[PDB]
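K.L.:
Structure below; questions to follow.
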Amino acid sequence: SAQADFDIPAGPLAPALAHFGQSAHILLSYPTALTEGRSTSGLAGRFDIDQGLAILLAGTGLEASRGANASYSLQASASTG
Amino acid sequence: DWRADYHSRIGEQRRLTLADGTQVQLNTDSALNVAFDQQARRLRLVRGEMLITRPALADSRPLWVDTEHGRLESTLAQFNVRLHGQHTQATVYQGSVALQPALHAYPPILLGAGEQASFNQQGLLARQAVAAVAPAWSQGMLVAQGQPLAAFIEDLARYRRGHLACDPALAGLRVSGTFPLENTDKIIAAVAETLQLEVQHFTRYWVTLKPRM
């Protein structure tokens, strides 16, 4: 994907994702309940948008999702076994 | 002395630079009349929504934004003003703005940065903190943080010619996301997919979001 410069401080996850999707200028759409009451360590630096979103989501229990159109979503982290 | 009238079409954002160097961005379907005189730099927001940025730093006259509901007097401020049918909403990002409701102009209500307030001619209607540093529309985006679906689609419809609605059973569903304004059809489709809704679109200018059956 493309890259963007991010300067997102640590804090509650939901406002951080509002900031992320604006800094990346992306269509990001996901269920409100999924991100309520979670937190992020933030994201500061230049990153590919997909890698930056995964870093923002570290520790949250969520991962980024994408489909056939250029939009992004979020989902509970995939089981690995 | 300098005057001008401006308007933006549905779906249009416009950048103006006023005679003093103050920058104004007009959002969709907006109308602004400007009248500078010896007393004041007068902006009249007749319809819609605008962002004032880069205020002139050393003009001796105050900057006044008036709507039918009252006056916003700017002290070096960067701020958004949106006119609704029954109130005006101001959001301050830098500096401070004095709100003077038409029928209760004194004492002014001081809004500092990170504050948003709605008022009518009578006075304040709501007031809250905001973390935004600029309105999302001014960077070509809509941003929703748990916004009720009915209110989200009211906002999005401002950018489109046709009618956009949701079934009443859906009116409070919370919308979260960021949405580039470049393609509003994509916004509708993405929100409907996230909320597991059907998009009824039987005539070009009438779109209803409905429960999946």
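Chain labels run A, B, ... following the order of the structure tokens; each chain numbers its residues from 1, and ligands are numbered from 1 in the order shown.
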Give me, as an MDAnalysis selection string, the residues of chain A that a backbone DSSP run labels alpha helix (DSSP H).
P.N.:
chainID A and resid 13:24 32:35 49:56
K.L.:
Next, dump the selected residues to file, keeping only C-alpha atoms, as a PDB file, in the first residue's frame.
P.N.:
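And here's out-v6.pdb as it stands now:
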ATOM      1  CA  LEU A  13      -8.348   3.254  20.636  1.00  0.00           C
ATOM      2  CA  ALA A  14     -11.456   4.796  19.095  1.00  0.00           C
ATOM      3  CA  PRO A  15     -10.187   8.401  18.833  1.00  0.00           C
ATOM      4  CA  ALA A  16      -6.820   7.059  17.671  1.00  0.00           C
ATOM      5  CA  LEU A  17      -8.520   5.282  14.747  1.00  0.00           C
ATOM      6  CA  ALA A  18     -10.407   8.451  13.822  1.00  0.00           C
ATOM      7  CA  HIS A  19      -7.011  10.161  13.690  1.00  0.00           C
ATOM      8  CA  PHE A  20      -5.430   7.243  11.790  1.00  0.00           C
ATOM      9  CA  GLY A  21      -8.048   7.117   9.093  1.00  0.00           C
ATOM     10  CA  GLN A  22      -7.757  10.845   8.575  1.00  0.00           C
ATOM     11  CA  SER A  23      -3.947  10.816   8.428  1.00  0.00           C
ATOM     12  CA  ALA A  24      -4.014   7.918   5.937  1.00  0.00           C
ATOM     13  CA  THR A  32     -18.382   0.774  17.037  1.00  0.00           C
ATOM     14  CA  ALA A  33     -18.648  -1.889  19.740  1.00  0.00           C
ATOM     15  CA  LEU A  34     -15.505  -3.618  18.497  1.00  0.00           C
ATOM     16  CA  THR A  35     -13.227  -0.693  19.415  1.00  0.00           C
ATOM     17  CA  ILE A  49      -0.710   2.166   5.824  1.00  0.00           C
ATOM     18  CA  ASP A  50      -1.327  -1.534   6.407  1.00  0.00           C
ATOM     19  CA  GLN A  51       1.739  -1.919   8.648  1.00  0.00           C
ATOM     20  CA  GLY A  52       0.869   1.259  10.512  1.00  0.00           C
ATOM     21  CA  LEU A  53      -2.635   0.028  11.233  1.00  0.00           C
ATOM     22  CA  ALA A  54      -1.307  -3.285  12.588  1.00  0.00           C
ATOM     23  CA  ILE A  55       1.132  -1.381  14.834  1.00  0.00           C
ATOM     24  CA  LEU A  56      -1.663   0.895  16.084  1.00  0.00           C
TER      25      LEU A  56
END
K.L.:
With only C-alpha atoms considered, list every residue of chain B at most 6 Å from chain A, as a PyMOL selection string.
P.N.:
chain B and resi 146+176-180+194
K.L.:
Could the residues in this selection be written to a file with N, CA and C atoms, as a PDB file, in the first residue's frame?
P.N.:
ATOM      1  N   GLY B 146     -18.918   6.590  16.631  1.00  0.00           N
ATOM      2  CA  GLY B 146     -20.124   6.154  17.290  1.00  0.00           C
ATOM      3  C   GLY B 146     -21.306   7.036  16.978  1.00  0.00           C
ATOM      4  N   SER B 176     -18.991   4.100  12.993  1.00  0.00           N
ATOM      5  CA  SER B 176     -17.595   4.467  13.247  1.00  0.00           C
ATOM      6  C   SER B 176     -16.782   4.315  11.971  1.00  0.00           C
ATOM      7  N   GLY B 177     -15.968   5.310  11.670  1.00  0.00           N
ATOM      8  CA  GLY B 177     -15.033   5.125  10.574  1.00  0.00           C
ATOM      9  C   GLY B 177     -14.582   6.459  10.039  1.00  0.00           C
ATOM     10  N   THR B 178     -13.779   6.390   8.969  1.00  0.00           N
ATOM     11  CA  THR B 178     -13.358   7.590   8.251  1.00  0.00           C
ATOM     12  C   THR B 178     -13.719   7.377   6.788  1.00  0.00           C
ATOM     13  N   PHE B 179     -14.141   8.461   6.111  1.00  0.00           N
ATOM     14  CA  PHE B 179     -14.821   8.261   4.837  1.00  0.00           C
ATOM     15  C   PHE B 179     -14.403   9.328   3.854  1.00  0.00           C
ATOM     16  N   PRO B 180     -13.601   8.990   2.861  1.00  0.00           N
ATOM     17  CA  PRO B 180     -13.197  10.005   1.883  1.00  0.00           C
ATOM     18  C   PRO B 180     -14.413  10.517   1.120  1.00  0.00           C
ATOM     19  N   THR B 194     -20.784  -2.829   6.878  1.00  0.00           N
ATOM     20  CA  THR B 194     -20.403  -2.938   8.287  1.00  0.00           C
ATOM     21  C   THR B 194     -21.610  -3.176   9.185  1.00  0.00           C
TER      22      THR B 194
END
K.L.:
Neighbours of residue 12 (chain A) within 7 Å (only C-alpha atoms; same-chain residues fewer than 6 positions away dropped), as number ranges by chain?
P.N.:
A: 37-40
K.L.:
Might you pull out every residue within 6 Å of residue 65 (chain B), with only C-alpha atoms counted and same-chain residues fewer than 4 positions away left off, and present them as a ChimeraX atom specification?
P.N.:
/B:43-44,71-72
K.L.:
Output N, CA and C atoms for every residue in that selection, as an mmCIF file, in the first residue's frame.
P.N.:
data_model
loop_
_atom_site.group_PDB
_atom_site.id
_atom_site.type_symbol
_atom_site.label_atom_id
_atom_site.label_comp_id
_atom_site.auth_asym_id
_atom_site.auth_seq_id
_atom_site.Cartn_x
_atom_site.Cartn_y
_atom_site.Cartn_z
ATOM 1 N N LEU B 43 -18.482 38.832 7.938
ATOM 2 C CA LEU B 43 -18.847 37.635 7.188
ATOM 3 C C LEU B 43 -20.273 37.301 7.582
ATOM 4 N N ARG B 44 -21.147 37.054 6.599
ATOM 5 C CA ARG B 44 -22.499 36.582 6.895
ATOM 6 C C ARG B 44 -22.681 35.210 6.262
ATOM 7 N N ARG B 71 -23.696 36.248 16.513
ATOM 8 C CA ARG B 71 -22.369 36.647 16.039
ATOM 9 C C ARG B 71 -21.267 35.837 16.709
ATOM 10 N N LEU B 72 -20.259 35.498 15.926
ATOM 11 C CA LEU B 72 -19.024 34.888 16.418
ATOM 12 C C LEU B 72 -17.912 35.905 16.188
#
K.L.:
If DSSP is run on the backbone, what residues of region 2-112 of chain B are strand (DSSP E)? A reply as a tab-separated table (two decimals) with N, CA and C atoms, in the first residue's frame would be ideal.
P.N.:
chain	number	residue	atom	x	y	z
B	2	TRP	N	-15.02	46.75	0.81
B	2	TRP	CA	-14.86	45.66	-0.13
B	2	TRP	C	-15.95	44.64	0.17
B	3	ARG	N	-16.66	44.17	-0.85
B	3	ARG	CA	-17.80	43.29	-0.66
B	3	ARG	C	-17.73	42.19	-1.69
B	4	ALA	N	-18.32	41.04	-1.35
B	4	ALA	CA	-18.42	39.94	-2.29
B	4	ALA	C	-19.39	38.89	-1.74
B	5	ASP	N	-20.07	38.20	-2.65
B	5	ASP	CA	-20.96	37.09	-2.31
B	5	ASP	C	-20.42	35.82	-2.93
B	6	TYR	N	-20.48	34.72	-2.19
B	6	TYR	CA	-19.96	33.46	-2.67
B	6	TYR	C	-20.95	32.34	-2.44
B	7	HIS	N	-20.93	31.35	-3.33
B	7	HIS	CA	-21.72	30.17	-3.03
B	7	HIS	C	-20.98	28.94	-3.54
B	14	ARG	N	-14.86	25.02	-1.63
B	14	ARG	CA	-14.23	26.16	-2.29
B	14	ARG	C	-13.27	26.84	-1.34
B	15	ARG	N	-12.13	27.29	-1.84
B	15	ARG	CA	-11.21	28.08	-1.02
B	15	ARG	C	-11.29	29.53	-1.46
B	16	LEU	N	-11.52	30.43	-0.51
B	16	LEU	CA	-11.51	31.86	-0.75
B	16	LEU	C	-10.34	32.50	0.00
B	17	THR	N	-9.77	33.57	-0.56
B	17	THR	CA	-8.88	34.41	0.22
B	17	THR	C	-9.46	35.82	0.22
B	23	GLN	N	-8.22	33.34	5.13
B	23	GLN	CA	-8.66	32.23	4.28
B	23	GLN	C	-9.99	31.69	4.77
B	24	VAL	N	-10.91	31.43	3.83
B	24	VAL	CA	-12.17	30.78	4.15
B	24	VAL	C	-12.30	29.58	3.24
B	25	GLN	N	-12.67	28.43	3.78
B	25	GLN	CA	-13.12	27.32	2.96
B	25	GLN	C	-14.63	27.17	3.13
B	26	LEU	N	-15.34	27.05	2.01
B	26	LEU	CA	-16.77	26.82	2.02
B	26	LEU	C	-16.99	25.34	1.78
B	31	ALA	N	-23.42	29.31	1.28
B	31	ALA	CA	-23.48	30.68	0.77
B	31	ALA	C	-22.97	31.63	1.85
B	32	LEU	N	-22.05	32.52	1.43
B	32	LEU	CA	-21.37	33.47	2.31
B	32	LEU	C	-21.37	34.83	1.65
B	33	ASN	N	-21.77	35.86	2.38
B	33	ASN	CA	-21.64	37.22	1.92
B	33	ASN	C	-20.60	37.91	2.78
B	34	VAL	N	-19.69	38.64	2.14
B	34	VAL	CA	-18.63	39.34	2.85
B	34	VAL	C	-18.78	40.83	2.62
B	35	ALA	N	-18.62	41.62	3.70
B	35	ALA	CA	-18.71	43.08	3.61
B	35	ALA	C	-17.71	43.68	4.59
B	36	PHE	N	-16.53	44.04	4.10
B	36	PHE	CA	-15.57	44.75	4.93
B	36	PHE	C	-15.90	46.24	4.94
B	41	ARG	N	-14.69	43.48	9.84
B	41	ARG	CA	-14.59	42.54	8.74
B	41	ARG	C	-15.78	41.60	8.89
B	42	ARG	N	-16.87	41.90	8.18
B	42	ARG	CA	-18.14	41.19	8.35
B	42	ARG	C	-18.27	40.02	7.38
B	43	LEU	N	-18.48	38.83	7.94
B	43	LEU	CA	-18.85	37.63	7.19
B	43	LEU	C	-20.27	37.30	7.58
B	44	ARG	N	-21.15	37.05	6.60
B	44	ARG	CA	-22.50	36.58	6.89
B	44	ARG	C	-22.68	35.21	6.26
B	45	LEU	N	-22.85	34.19	7.09
B	45	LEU	CA	-23.01	32.81	6.61
B	45	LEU	C	-24.50	32.59	6.46
B	46	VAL	N	-24.99	32.61	5.23
B	46	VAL	CA	-26.41	32.53	4.95
B	46	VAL	C	-26.89	31.09	4.82
B	47	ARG	N	-25.98	30.17	4.43
B	47	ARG	CA	-26.35	28.77	4.24
B	47	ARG	C	-25.10	27.92	4.40
B	49	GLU	N	-21.81	25.83	5.62
B	49	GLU	CA	-20.72	25.59	6.56
B	49	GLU	C	-19.40	26.15	6.02
B	50	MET	N	-18.59	26.74	6.92
B	50	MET	CA	-17.32	27.27	6.46
B	50	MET	C	-16.27	27.19	7.56
B	51	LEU	N	-15.02	27.17	7.12
B	51	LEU	CA	-13.87	27.13	8.01
B	51	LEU	C	-13.09	28.41	7.80
B	52	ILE	N	-12.77	29.12	8.89
B	52	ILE	CA	-11.91	30.29	8.81
B	52	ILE	C	-10.53	29.84	9.27
B	53	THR	N	-9.51	30.03	8.44
B	53	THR	CA	-8.12	29.76	8.83
B	53	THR	C	-7.21	30.92	8.44
B	63	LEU	N	-12.96	40.51	13.32
B	63	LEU	CA	-13.64	39.65	12.37
B	63	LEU	C	-14.92	39.15	13.00
B	64	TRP	N	-16.05	39.40	12.33
B	64	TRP	CA	-17.37	39.00	12.81
B	64	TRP	C	-17.92	37.99	11.82
B	65	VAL	N	-18.35	36.83	12.31
B	65	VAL	CA	-19.17	35.93	11.50
B	65	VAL	C	-20.57	35.95	12.07
B	66	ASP	N	-21.53	36.38	11.27
B	66	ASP	CA	-22.91	36.40	11.73
B	66	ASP	C	-23.71	35.33	11.02
B	67	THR	N	-24.62	34.70	11.76
B	67	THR	CA	-25.71	33.95	11.16
B	67	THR	C	-27.00	34.51	11.70
B	70	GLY	N	-26.81	34.72	15.56
B	70	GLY	CA	-25.99	35.60	16.34
B	70	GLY	C	-24.62	35.75	15.71
B	71	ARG	N	-23.70	36.25	16.51
B	71	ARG	CA	-22.37	36.65	16.04
B	71	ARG	C	-21.27	35.84	16.71
B	72	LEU	N	-20.26	35.50	15.93
B	72	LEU	CA	-19.02	34.89	16.42
B	72	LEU	C	-17.91	35.91	16.19
B	73	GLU	N	-17.34	36.45	17.27
B	73	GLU	CA	-16.28	37.45	17.14
B	73	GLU	C	-14.91	36.79	17.34
B	74	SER	N	-14.03	36.90	16.35
B	74	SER	CA	-12.83	36.06	16.34
B	74	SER	C	-11.66	36.86	16.85
B	75	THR	N	-10.90	36.24	17.76
B	75	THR	CA	-9.62	36.72	18.24
B	75	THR	C	-8.56	35.75	17.73
B	76	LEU	N	-8.07	35.99	16.49
B	76	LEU	CA	-6.91	35.23	16.01
B	76	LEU	C	-7.24	33.75	15.87
B	77	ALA	N	-8.50	33.43	15.65
B	77	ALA	CA	-9.02	32.09	15.77
B	77	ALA	C	-9.11	31.40	14.42
B	78	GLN	N	-8.95	30.08	14.49
B	78	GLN	CA	-9.29	29.19	13.40
B	78	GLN	C	-10.51	28.40	13.86
B	79	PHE	N	-11.60	28.52	13.11
B	79	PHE	CA	-12.82	27.91	13.63
B	79	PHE	C	-13.79	27.58	12.49
B	80	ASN	N	-14.63	26.59	12.75
B	80	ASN	CA	-15.66	26.11	11.83
B	80	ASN	C	-17.00	26.66	12.28
B	81	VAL	N	-17.85	27.05	11.32
B	81	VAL	CA	-19.21	27.49	11.62
B	81	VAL	C	-20.13	26.72	10.70
B	82	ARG	N	-21.17	26.10	11.26
B	82	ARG	CA	-22.15	25.38	10.47
B	82	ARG	C	-23.53	25.89	10.83
B	83	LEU	N	-24.31	26.26	9.83
B	83	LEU	CA	-25.67	26.71	10.08
B	83	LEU	C	-26.62	25.53	9.92
B	88	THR	N	-26.91	27.45	15.18
B	88	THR	CA	-25.60	27.56	14.56
B	88	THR	C	-24.61	26.78	15.41
B	89	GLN	N	-23.64	26.13	14.79
B	89	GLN	CA	-22.69	25.35	15.57
B	89	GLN	C	-21.29	25.87	15.27
B	90	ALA	N	-20.53	26.21	16.31
B	90	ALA	CA	-19.16	26.68	16.12
B	90	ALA	C	-18.19	25.71	16.76
B	91	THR	N	-17.07	25.45	16.09
B	91	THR	CA	-16.04	24.57	16.62
B	91	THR	C	-14.71	25.31	16.51
B	92	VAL	N	-14.01	25.48	17.63
B	92	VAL	CA	-12.79	26.29	17.65
B	92	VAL	C	-11.57	25.37	17.72
B	93	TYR	N	-10.60	25.60	16.84
B	93	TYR	CA	-9.39	24.78	16.80
B	93	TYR	C	-8.16	25.51	17.29
B	94	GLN	N	-8.09	26.81	17.08
B	94	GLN	CA	-6.97	27.62	17.55
B	94	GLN	C	-7.52	28.95	18.01
B	95	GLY	N	-6.93	29.51	19.05
B	95	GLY	CA	-7.39	30.84	19.44
B	95	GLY	C	-8.71	30.77	20.19
B	96	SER	N	-9.49	31.85	20.12
B	96	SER	CA	-10.74	31.86	20.87
B	96	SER	C	-11.77	32.71	20.13
B	97	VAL	N	-12.97	32.31	20.29
B	97	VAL	CA	-14.13	33.03	19.69
B	97	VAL	C	-15.20	33.42	20.77
B	98	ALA	N	-15.64	34.65	20.65
B	98	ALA	CA	-16.72	35.15	21.53
B	98	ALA	C	-18.07	34.98	20.84
B	99	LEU	N	-18.92	34.11	21.37
B	99	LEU	CA	-20.30	33.95	20.85
B	99	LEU	C	-21.38	34.90	21.50
B	100	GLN	N	-22.03	35.64	20.60
B	100	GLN	CA	-23.02	36.66	20.98
B	100	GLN	C	-24.36	36.32	20.36
B	101	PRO	N	-25.21	35.53	21.02
B	101	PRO	CA	-26.53	35.20	20.50
B	101	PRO	C	-27.32	36.49	20.22
B	109	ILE	N	-20.13	34.47	25.25
B	109	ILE	CA	-19.77	33.12	25.68
B	109	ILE	C	-18.44	32.82	25.03
B	110	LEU	N	-17.37	32.67	25.82
B	110	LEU	CA	-16.04	32.49	25.25
B	110	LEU	C	-15.81	31.02	24.97
B	111	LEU	N	-15.52	30.72	23.71
B	111	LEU	CA	-15.12	29.39	23.27
B	111	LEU	C	-13.62	29.41	23.01
B	112	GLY	N	-12.88	28.52	23.67
B	112	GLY	CA	-11.48	28.33	23.37
B	112	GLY	C	-11.26	27.14	22.45
K.L.:
One decimal, in Å: what's the spacing between CA of residue 9 (chain A) and CA of residue 67 (chain A)?
P.N.:
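These two atoms are separated by 28.4 Å.
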K.L.:
How many Å separate CA of residue 11 (chain A) from CA of residue 60 (chain A)?
P.N.:
11.8 Å
K.L.:
For residue 57 (chain B), please output as a ChimeraX atom specification all residues within 10 Å (counting only C-alpha atoms; exclusion window: fewer than 2 positions along the same chain).
P.N.:
/B:20-22,54-55,59-60,75-77
K.L.:
Which residue is closest to residue 142 (chain B)? Choose from B:167, B:37, B:182, B:115 and count only C-alpha atoms.
P.N.:
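Residue with the minimum atom-to-atom distance to residue 142 (chain B): B:182.
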K.L.:
Work out how far apart CA of residue 6 (chain A) and CA of residue 47 (chain A) are and give it in Å to one decimal.
P.N.:
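Separation of CA of residue 6 (chain A) and CA of residue 47 (chain A): 7.6 Å.
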K.L.:
Name all residues at most 9 Å from residue 188 (chain B) (count only C-alpha atoms; drop same-chain ones fewer than 6 positions away) and give them as a PyMOL selection string.
P.N.:
chain B and resi 153+156+199+209
K.L.:
Can you tell me, as a PyMOL selection string, what residues are no more than 7 Å from region 126-131 of chain B when counting only C-alpha atoms, ignoring any on the same chain fewer than 4 positions away?
P.N.:
chain B and resi 114-118
K.L.:
Atoms to include: N, CA, C and O atoms. Write the selected residues as a compact mmCIF listing (two decimals), in the first residue's frame.
P.N.:
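What ended up in again-v4.txt:
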# COMPACT_ATOMS: atom_id res chain seq x y z
N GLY B 114 -10.46 23.56 20.99
CA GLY B 114 -10.92 22.27 21.46
C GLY B 114 -12.33 22.28 22.02
O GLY B 114 -12.72 21.33 22.71
N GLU B 115 -13.09 23.35 21.76
CA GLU B 115 -14.46 23.50 22.24
C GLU B 115 -15.42 23.66 21.07
O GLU B 115 -15.08 24.27 20.05
N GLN B 116 -16.63 23.16 21.24
CA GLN B 116 -17.67 23.20 20.23
C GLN B 116 -18.94 23.61 20.96
O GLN B 116 -19.18 23.17 22.09
N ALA B 117 -19.72 24.49 20.33
CA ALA B 117 -20.97 24.94 20.94
C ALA B 117 -22.01 25.17 19.86
O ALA B 117 -21.69 25.65 18.77
N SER B 118 -23.26 24.90 20.21
CA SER B 118 -24.42 25.17 19.37
C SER B 118 -25.25 26.22 20.07
O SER B 118 -25.38 26.19 21.29
